[PDB]
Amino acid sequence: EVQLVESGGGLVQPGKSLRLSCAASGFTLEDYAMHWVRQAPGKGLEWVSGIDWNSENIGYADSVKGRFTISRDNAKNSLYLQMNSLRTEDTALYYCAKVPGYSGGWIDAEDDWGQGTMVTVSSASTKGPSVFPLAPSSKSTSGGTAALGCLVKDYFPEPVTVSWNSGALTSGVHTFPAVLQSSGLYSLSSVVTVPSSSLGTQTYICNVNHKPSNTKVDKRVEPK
């Protein structure tokens, strides 16, 4: 119903440019101050920039002043972030948000956040993952429970998302944080614990998405 759709993120060579966009549906931007907030994986939130409703008051984090330019188009209900001279330190998930600051209290009780778009500043190439089953076995079954999963190997850059049975299977799922391997490529595993008796009456498929390489792998995980 209400959403802030972000785009323009992804892999970029250091020193190059990227333009992020954030568009609103369900509400109009015309009365509101809008902000960019970023977060490097496993780090704290960092305010990037803010702009009031009529583009008069604009602010920047010191580290982005001169390089980044915030703008907006109320008629397109869109907020923009032109990022020049990009550095590895700019690698982060970038959120756009309808939050306090240059708002004058209008409307501070109501917040709205985009889902975030990942920006990776690196000289390395895009690399799609290889998905391998983590097969449940008769000897590995414990207390009438079987564990099964998918190993998502050798991808760049982050992120990958994993769902099970097209999102129908959510309980008992653990998708581990990615690990940076010595090769410079990431790896992660996603696991699920199901009843051992449901191995012959249910199919288990992991759905692996890697948006940076336009990849989606659906891998059936069968007992073996």
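Note that residue numbering follows the sequence shown and begins at 1.
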query: Given 92 to 100 and 128 to 136, the range whose Cα B-factors average higher in the PDB entry; finding: 128 to 136
query: Stretch exceeding the other in mean C-alpha B-factor - 137 to 145, 105 to 113; finding: 137 to 145
query: Per the PDB entry, maximal CA B factor within 187, 69, 175, 196; finding: 196
query: Member of 49, 55, 163, 39 with the greatest C-alpha B factor (per the PDB record); finding: 55
query: Residue 20 CA temperature factor, ranked by third within the chain; finding: middle
query: Ranked C-alpha temperature factor of residue 13 among modelled chain residues, by third; finding: middle
query: Chain-relative CA temperature factor third for residue 153; finding: middle
query: Third of chain Cα B-factors occupied by residue 59; finding: middle
query: Where the record places residue 74 (Cα B-factor, split into thirds across the chain); finding: highest
